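Trainee: Quick one, what's the 3D model for this:
(one chain, ligands or ions: 12)
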Amino acid sequence: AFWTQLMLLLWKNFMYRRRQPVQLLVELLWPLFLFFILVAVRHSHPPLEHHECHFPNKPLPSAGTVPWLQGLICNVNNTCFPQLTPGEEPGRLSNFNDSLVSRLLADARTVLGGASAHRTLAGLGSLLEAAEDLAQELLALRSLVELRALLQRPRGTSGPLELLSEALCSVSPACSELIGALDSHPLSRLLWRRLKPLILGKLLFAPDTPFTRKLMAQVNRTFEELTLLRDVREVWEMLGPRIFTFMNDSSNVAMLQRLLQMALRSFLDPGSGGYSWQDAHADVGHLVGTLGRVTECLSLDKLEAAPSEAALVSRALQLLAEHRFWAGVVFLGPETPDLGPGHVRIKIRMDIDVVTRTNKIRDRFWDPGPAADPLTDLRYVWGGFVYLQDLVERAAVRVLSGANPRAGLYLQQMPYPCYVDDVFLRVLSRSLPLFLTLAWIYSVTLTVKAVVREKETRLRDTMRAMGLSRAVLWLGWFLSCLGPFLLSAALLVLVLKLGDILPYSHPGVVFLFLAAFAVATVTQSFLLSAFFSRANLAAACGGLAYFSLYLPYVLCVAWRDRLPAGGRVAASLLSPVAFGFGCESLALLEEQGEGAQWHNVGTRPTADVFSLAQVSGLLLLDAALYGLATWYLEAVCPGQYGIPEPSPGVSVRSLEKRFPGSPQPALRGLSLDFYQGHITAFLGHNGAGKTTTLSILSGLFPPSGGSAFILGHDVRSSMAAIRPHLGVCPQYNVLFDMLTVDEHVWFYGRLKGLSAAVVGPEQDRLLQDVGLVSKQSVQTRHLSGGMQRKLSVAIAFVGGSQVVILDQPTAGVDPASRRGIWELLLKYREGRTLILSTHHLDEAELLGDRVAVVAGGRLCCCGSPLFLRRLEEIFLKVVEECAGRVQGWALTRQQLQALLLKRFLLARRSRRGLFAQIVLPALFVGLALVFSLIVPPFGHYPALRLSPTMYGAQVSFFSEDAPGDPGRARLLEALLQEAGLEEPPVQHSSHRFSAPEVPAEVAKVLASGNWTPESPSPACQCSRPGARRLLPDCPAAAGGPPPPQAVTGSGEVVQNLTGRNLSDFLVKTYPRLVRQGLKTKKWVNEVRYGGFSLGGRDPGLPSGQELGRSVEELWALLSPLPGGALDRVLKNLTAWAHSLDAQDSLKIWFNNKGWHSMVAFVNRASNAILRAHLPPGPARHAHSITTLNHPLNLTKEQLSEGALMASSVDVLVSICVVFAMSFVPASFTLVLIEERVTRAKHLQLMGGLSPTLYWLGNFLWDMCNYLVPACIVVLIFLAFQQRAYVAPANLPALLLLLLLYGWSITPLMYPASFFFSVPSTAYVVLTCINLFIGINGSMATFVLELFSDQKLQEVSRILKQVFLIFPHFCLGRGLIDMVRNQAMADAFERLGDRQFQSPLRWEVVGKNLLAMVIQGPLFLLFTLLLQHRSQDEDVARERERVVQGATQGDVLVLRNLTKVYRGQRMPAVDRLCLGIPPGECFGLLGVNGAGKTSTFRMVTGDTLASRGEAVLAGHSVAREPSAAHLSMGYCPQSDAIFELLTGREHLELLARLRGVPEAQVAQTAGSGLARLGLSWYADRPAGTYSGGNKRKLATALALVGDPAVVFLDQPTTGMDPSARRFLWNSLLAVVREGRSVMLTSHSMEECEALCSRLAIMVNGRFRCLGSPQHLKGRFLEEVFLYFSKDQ
Ligand SMILES: *[C@@H]1O[C@H](CO)[C@@H](O[C@@H]2O[C@H](CO)[C@@H](O[C@@H]3O[C@H](CO)[C@@H](O)[C@H](O)[C@@H]3O)[C@H](O)[C@H]2NC(C)=O)[C@H](O)[C@H]1NC(C)=O
Ligand SMILES: Nc1ncnc2c1ncn2[C@@H]1O[C@H](COP(=O)(O)OP(=O)(O)OP(=O)(O)O)[C@@H](O)[C@H]1O
Ligand SMILES: Nc1ncnc2c1ncn2[C@@H]1O[C@H](COP(=O)(O)OP(=O)(O)OP(=O)(O)O)[C@@H](O)[C@H]1O
Ligand SMILES: *[C@@H]1O[C@H](CO)[C@@H](O[C@@H]2O[C@H](CO)[C@@H](O)[C@H](O)[C@H]2NC(C)=O)[C@H](O)[C@H]1NC(C)=O
Ligand SMILES: *[C@@H]1O[C@H](CO)[C@@H](O)[C@H](O)[C@H]1NC(C)=O
Ligand SMILES: *[C@@H]1O[C@H](CO)[C@@H](O)[C@H](O)[C@H]1NC(C)=O
Ligand SMILES: *[C@@H]1O[C@H](CO)[C@@H](O)[C@H](O)[C@H]1NC(C)=O
Ligand SMILES: *[C@@H]1O[C@H](CO)[C@@H](O)[C@H](O)[C@H]1NC(C)=O
Ligand SMILES: *[C@@H]1O[C@H](CO)[C@@H](O)[C@H](O)[C@H]1NC(C)=O
Ligand SMILES: *[C@@H]1O[C@H](CO)[C@@H](O)[C@H](O)[C@H]1NC(C)=O
Ligand SMILES: [Mg+2]
Ligand SMILES: [Mg+2]
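Mentor: Residues are numbered from 1 along each chain as shown. Ligands and ions are numbered 1, 2, ... in the order given. Pasting the structure now:
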């Protein structure tokens, strides 16, 4: 019956799914909200493609001084123009052109060279004519006019820097004052804030050898020449007064000058003196003063000294504090490459904030783009490393060679092709694993809760007792839970693929991966649900254990290096870790732009060696391991309801049971024997232990000793041969809520073993025999006690049961159905060994062929009924043989002191629950910090020698221009010999370069085209706009009409590239290397890293040398002063004029894709220059220069200025703490719901408690239980020294945040306690809702506010203020803003600006606090508002009297009461009128379906009415519920007690709440306990009583305190004759006192014989309403039946 049982289980699960569809829909739609938000954001963030653009030139200080400053000031940004920059042209050399300074210099050159001979002749002494001719062209130029216009600009704008940039580029206390004026504009302050160390620096060298002194003297030349401004200012200062005196009072000389004159504008220039003697003088004076201040800005004393390297490091550490460090050069002594001098080793040390990190030679991932960010990529330019290296290297070359080389190095970045990027893919790749792991948290918790709840209510054990096998049940659970997971995974795959989040991947492999993940999760949940045995405890520790298995993934991704593959494999056993590895592999495959379309299953040999074909096998292995572990754990440890762990049909011998809680054993020893087919009956007093014995016979409990045999087998050990031979009937019915009676019987009959053919007749026969045939399409949750009991006994009798045990077959059942019970028992008595147990003696004597009585755990006597006769009286004899008011505000003080005490007691018995509910979430945060704070230590950045030999094979350049010079040829051959290509011998003088062969098709295409090097040779390539398929441009074979002349060397290849355009070659060829390199797509072996270009064209006019002649022809005359100031300025003018001719350029093309690229090529260029200028000889290797790079020992890390917060450990810890604090405000509803459901809260509300006091007491207790997690969180943060969160500056913010979150979350979970029926489901649902609304709101807004800034910043600002109603959001954003502000403050402190903000601000945390405080108590007000939502002939004569007459004596008056069960056609209760006077024990009988309990619930106040009224002592229950509730007592059919408290606590609590004085509380409780026979069991917890004791306790809580009217419901459902005698005596006493009773039952005596006014009720209508003797006279069980048949 394996397949039949499987079909039955699947059908039942399908029926449950179909009955309630909303839960199915919400489960299927839960894990997609965050992905929906992500897709919505992505839809509005189109991919961006960048146009082609070329980068500009960058001169080095070796090329001069003016161009160096020009390139430093103008080219701050890497503004790349799409049009070709003039610098890239081989002929051109000066990118900056037609500017003010360049035009001024050129025009000055021209004017000075034009008439040098004329001024020489003038100085020889006509000359006036030559001077006039020169002055004629001194006005033709407009450069002087524009210079005057610029220097006359009114002062303002941003400062001198703006005018300096305008002049250079193309469209001392005073110095400090200028800086302070300039810093007001951050745009103008960019230059200062990037160039602070250049003005203030110190150059330090460790050795003090005179060789190093010569090196520094050679370095010092540029600083020496920079100070000519002081000398020229002094010269003008000396000339000032002299010319000022000469001009004044010299009219005679001037007039004789005009007399000797005898063009015209020159003659009129001295006229009136307005335009000659002051304007030009003032302008030149202002200019010289300005340059004097400029030269006084500099310190001019940059160099310093140091004894050794230790003193160097100490002085560096001292000087680093006050912004004075710019150097560190060390002339280390290798003595080493080889013997002999010239093997100098320069080792530059500089701060880590300025030099690129040397950890990585290249980048990490192939990101398409030139990577030319002028703020975080080109650090070597704005830092000054390259300038210092060039200066030191040129000085070393000058010292070693002894010559005067002239070769100005330049820098040029090659262009980059068109491309398109997807930033969103990289952004989401980091946070995908967290999203995916957090998506499936609903289903795991619900699965664990469902499993533990099914195993808790004995439903699983009862279902298994009839023949179910554990394997079948487990497989059914597996399939049923696995279904929705697979459907949801398929839907998620579909939505991911359709949304273009993962466009490349084929959905099949992704779906298989997700299905494997889902299977692993299912089996993990089934394993996790095997430790616990209580619904509350299992629900509490259900999400923490799942989410605590994901942190090791973070630990193992932080420790990526130094990790053996064995460790990764051993840490991949946990499912979330393996899924994280798989998700990372898939994300990196997607980012590579190659997809996973069924052929990428053995790829990725990198650090992420795992691909999406090895993780799935691991996941399946983990699922198998978890399943085996679950099976073993279930087999070895059953749980609370411990199943056994591997013709006298029934026999028990020496059977005893011992519960740990009870000091005395329940059972001592039994020897009872069972027989063939004689109905046996158990008789005994309450607490004898018949139900415990019956459970011991079944598999519910294990015996504490002895053994029990059934059908010759043994329930001990081998009980597997018992299942098809047993039938069970628990005292408390266990049934499926949704399934109806017909489905119940069909399911149990099929499971029992009946064939599919014999079902209908048997089921119908049993259903008719029992008496339930009138109802067949109603679910069991709409049935009263009697119908449920009849259904339970019917289910017990379904199928062929060899031995069946009946326990309380009838209870609350009228005799009419008891007759059907009798006939059912008689019809099956032939061999089925019927066993019975009831308190009714008539049934025992009528059926019992042998009666056995047990008392006090011992078999008193067993035998035939005739044996004992020689029945109620003798059984009772045997059992006997064996056995003012405090009123006012003071009362308000008392009530609370009771109520809170109750809570405290409920907290003392169950400490494990509190430990797991209000402590464990705090320790989860500590575990998160422990696992997220362990990082690998770092030491020092290693030193490396900078040369391109560390890259590998590559491609160089050879471009040359103007070959008609020997020096350029020598330098070029030096470059070739340095590259590695040795000089070929005489036989290969011209056999050096091997030109490859052009393809035939390309050759034909070029023949159809033009073979012109100075025209665009390559064909145009198509740009690809988005389209997600082709990122780079479309390649072609037309790039370069000749193939490059590749010549191999010792590992490198050098080409020719002479005469070609040289700009299109790289652009057209790069996409070929882009597409060719696909194996790794992270560290692709690019072949083009850099090259040279020897442009020998000199940007000097041929007349420039003439300038020097002019200067020297001014030196001989004018009496050169011996002081030397004039002499020295004239000789630095002559030197500048001579150097204006220059020698050549050595332009360097560098690729920024390789980090350490420009420095190595500068090194090689300088080494080649040295080898060129060296005299010929075999000492080529004897003299070599190497540049190192080693940052200081100062312990810091690379400051990522551009990279802001990017979903890091900070937000991880914030998510962890939010998760931990979301669980705590859910344990507060368990007790509330448990009280409301069992109708125990309403008892207290009857006691005299106003709802307001109840709610305030609960609120205070819940508040007192919230401060325990917060203290532990604060202590953990303090212990771990988390500066970001806890510190003497931000501690008040955290304290207020936690305290007010506690203040405002608690009164929000109260309204949810009205609409739930089982506590654990409410617990898990509220926990999941809190988790979702917190995380997926706050962290989603955080993701929105970062990364993309396309007005999504404005969208996030809009959404931020809206999410203030939820008190969960006020903890997420608050704990992220603090971290962000702390990070910004730390960055400012590291920078040195020393700016500190404030934690508590309006726009930081203040608004959240204010809003959450103001919304705090509104939820409590809503809670109270929702709580106060409710705003014959005798019968006819009685109705007429009630309608018209007004009996003031009567206490309770009913007026036409009726109410319908939400459309059940015939109203159960309708049109009732009655009047009761004081001091009459009213009674009311009926049948199972009359509606007695409905009448009690309608009149007592538990349910709201429909029509009519129920007035109780003046105040109506509906009009004023409080006044009616003031004085009455209740006892419902379903007993209302607390499982953990005891009886004495119950009585004392009710006594205190009613208002009795404190002194008499104990006396009243003792009297109440002793009155009803409850004393020997008045200290044990109320949860361990049996049915009779619980009934007695429930009755006792209805009479304590002497109320007015007692609304006793059926009180004798299971009480014993002694107990019922006690109850009758108590009722007689209370009615003698003068208080009425409204007992209703099916029994006799006080209900019937001692009653006062019976009233039979059938189908919601009264029948007689007459006295008992009156009923007997006019018309006792048979009399009642006759009267029922009378009408
Ligand atoms: C080396 O090859 C480059 C190709 O990149 C040549 O530059 C190209 O020069 C032509 C000159 O006509 C440019 O055409 C112009 O395009 C603009 C675009 O708006 C148009 O408005 C003009 O009317 C003109 O047609 C072309 O854009 C430009 N290519 C670029 C910038 O990528 C360069 O001249 C070659 N070197 C030589 C021939 O020495
Ligand atoms: N779970 C339990 N833990 C500890 N003691 C228990 C437990 N259940 C019952 N007992 C105790 O064991 C004894 C046997 O009483 P038991 O509950 O078995 O009676 P019963 O057969 O159900 O009787 P009744 O006919 O009155 O319903 C009592 O003292 C009872 O308090
Ligand atoms: N939840 C429900 N939904 C629909 N009908 C119900 C529901 N509960 C009870 N009924 C029906 O409404 C009527 C009211 O009966 P009620 O529940 O008051 O039982 P009772 O006969 O007074 O109790 P007892 O079973 O203890 O003798 C009955 O016909 C019953 O079958
Ligand atoms: C690289 O190619 C150029 C192509 O011009 C070579 O320069 C030519 O060299 C030959 C022989 O030396 C001369 O006859 C030509 O006159 C040169 N060209 C021009 C325009 O003058 C150059 O020699 C090649 N590189 C090397 C190292 O040989
Ligand atoms: C460089 O970029 C900054 C920042 O966008 C901008 O303000 C400035 O105008 C740009 N150009 C120059 C020459 O600084
Ligand atoms: C740019 O420089 C060249 C160099 O000779 C010069 O001829 C030209 O006038 C300058 N200005 C331009 C091209 O606008
Ligand atoms: C000479 O200087 C005096 C002031 O020092 C001035 O008043 C006078 O005008 C000057 N003379 C000439 C001719 O500039
Ligand atoms: C370097 O030049 C500066 C000029 O101010 C000065 O310290 C000195 O002349 C030189 N120092 C040397 C040669 O050590
Ligand atoms: C330039 O002038 C400075 C002093 O102003 C002098 O030290 C230096 O030697 C001069 N230049 C040359 C090449 O002599
Ligand atoms: C940095 O200084 C520490 C001082 O304890 C020393 O142990 C370490 O070796 C130094 N590192 C380097 C690279 O000099
Ligand atoms: Mg019992
Ligand atoms: Mg009832």
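
Trainee: For the stretch 801-950 of the chain, give the residue positioned nearest to ligand 4.
Mentor: residue 948 (20.0 Å; CB to the nearest ligand atom). The C-beta positions use only the backbone N, C-alpha and C, and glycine is treated the same way.

Trainee: so how far is residue 372 from that residue?
Mentor: Look at residue 948 and residue 372: by CB to CB, to the nearest Å, they are 20 Å apart.

Trainee: Could I get the contacting residues of residue 646?
Mentor: 635, 717 (CB atoms under 8 Å, 6 or more residues apart in numbering).

Trainee: Try it again at 10 Å.
Mentor: Taking CB atoms under 10 Å, 6 or more residues apart in numbering as the criterion, residue 646 is in contact with 635, 636, 717, 718, 719, 720.

Trainee: hang on, the earlier thing: if you count surrounding residues, which of residue 948 and residue 372 has more?
Mentor: With neighbours defined as other CB atoms under 10 Å, residue 948 and residue 372 compare such that residue 948 has more, 20 against 15.

Trainee: Need phi/psi at the residue of the stretch 801-950 of the chain closest to ligand 4.
Mentor: The phi and psi torsions at residue 948 (degrees, to the nearest 10) take the values phi -70, psi -10.

Trainee: Can you tell me the element the spatially closest residue to it that is not a sequence neighbour falls in?
Mentor: Nearest non-adjacent residue to residue 948, counting by CB to CB, 6 or more residues apart in numbering: residue 1160, 4.7 Å away. Per DSSP states H and E, residue 1160 falls inside helix 1158-1173.

Trainee: Against which helices or strands is that helix packed?
Mentor: With contacts taken as 3 or more CB pairs under 10 Å, 6 or more residues apart in numbering; DSSP states H and E, helix 1158-1173 sits against helix 379-383, helix 385-401, strand 410-413, helix 966-979, strand 1090-1095, strand 1147-1150, strand 1186-1187.

Trainee: is the first one anywhere near ligand 5?
Mentor: If I follow you right, that is helix 379-383. No - for helix 379-383, no contact with ligand 5 is found by CB under 6 Å from any ligand atom; the gap never falls below 12.6 Å.

Trainee: So which other helices or strands are in contact with that helix?
Mentor: helix 66-74, helix 186-199, helix 385-401, helix 1158-1173.

Trainee: does the closest residue to ligand 4 within the chain sit in a helix, a strand or a coil?
Mentor: Residue nearest to ligand 4 within the chain: residue 1056 (3.7 Å; CB to the nearest ligand atom). Under DSSP: H, G, I helix; E, B strand; the rest coil, residue 1056 falls in the coil class.

Trainee: which residues touch it?
Mentor: Residue 1056 makes contact with 957, 958, 959, 960, 993, 995, 1042, 1044, 1045, 1046, 1047, according to CB under 10 Å, 6+ apart.

Trainee: could you redo the last one with a cut-off of 6 Å?
Mentor: Residue 1056 makes contacts with 958, 1045, as judged by CB atoms under 6 Å, 6 or more residues apart in numbering.

Trainee: How about the backbone phi and psi for it?
Mentor: Note on residue 1056: backbone dihedrals following degrees, to the nearest 10 are phi -110, psi -60.

Trainee: Check the gap between it and residue 1049 for me.
Mentor: For residue 1056 relative to residue 1049 (CB to CB), the value is 14 Å.

Trainee: cool, residue 515 as well?
Mentor: Using CB to CB, residue 515 is found at 55 Å from residue 1049.

Trainee: which residues are in contact with stretch 110-117?
Mentor: 134, 1103, 1106, 1107, 1110.

Trainee: Just the buried ones out of these, please.
Mentor: Neighbour counting with 16 or more other CB atoms under 10 Å marks 134, 1106, 1107, 1110 as buried within those.

Trainee: need the contact list for the third one.
Mentor: When you say that, I think you mean residue 1107. 112, 113, 1137.

Trainee: secondary structure element for it?
Mentor: Assigned by DSSP H and E, residue 1107 falls in helix 1104-1115.

Trainee: Do I have it right that the residue nearest to residue 948 meets residue 950?
Mentor: No - Residue 1160 is beyond contact range of residue 950, at 7.8 Å (criterion: CB atoms under 6 Å).

Trainee: Pick out whichever of these two has more residues nearby.
Mentor: With neighbours defined as other CB under 10 Å, residue 1160 and residue 950 compare such that residue 1160 has more, 21 against 12.

Trainee: What separation is there between that one and ligand 8?
Mentor: 30 Å (CB to the nearest ligand atom, to the nearest Å).

Trainee: Wait, a helix at residue 491?
Mentor: Yes - assessed with three-state DSSP, residue 491 lies in a helix.

Trainee: Number of residues surrounding residue 985?
Mentor: Around residue 985 there are 8 residues (other CB under 10 Å).

Trainee: Ignore what I typed, I meant residue 186.
Mentor: Residues lying near residue 186 (other CB under 10 Å) number 9.

Trainee: And for residue 1278?
Mentor: For residue 1278, using other CB under 10 Å, the count is 13.

Trainee: what's the answer for residue 361, then?
Mentor: The number of residues near residue 361, taken as other CB under 10 Å, comes to 12.

Trainee: same check, this time on residue 14
Mentor: Residue 14: 12 surrounding residues under other CB under 10 Å.

Trainee: Secondary structure element for it, which one?
Mentor: Residue 14 is part of helix 2-19, with elements assigned from DSSP H and E.

Trainee: Quick check: next helix or strand after that helix?
Mentor: helix 21-29.

Trainee: for that following helix, which positions count as buried?
Mentor: Buried-residue list, helix 21-29, by 16+ other CB under 10 Å: residue 27.

Trainee: Would you tell me what the next helix or strand after it is?
Mentor: Following helix 21-29 in sequence order, the next helix or strand is helix 33-43 (DSSP H and E).

Trainee: Measure how that next one sits relative to helix 21-29, angle-wise.
Mentor: Angle, helix 33-43 to helix 21-29, by axes from the mean of the first three to the mean of the last three CA atoms, to 10 degrees: 50 degrees.

Trainee: Identify the residues contacting helix 33-43?
Mentor: By CB under 6 Å, 6+ apart, the residues outside helix 33-43 that reach it are 424, 435, 499, 1336, 1340.

Trainee: From those residues, which land in helices?
Mentor: 424, 435, 1336, 1340 (DSSP state H).

Trainee: Relative to residue 880, which of the residues you listed is nearest.
Mentor: residue 1336 (68.8 Å; CB to CB).
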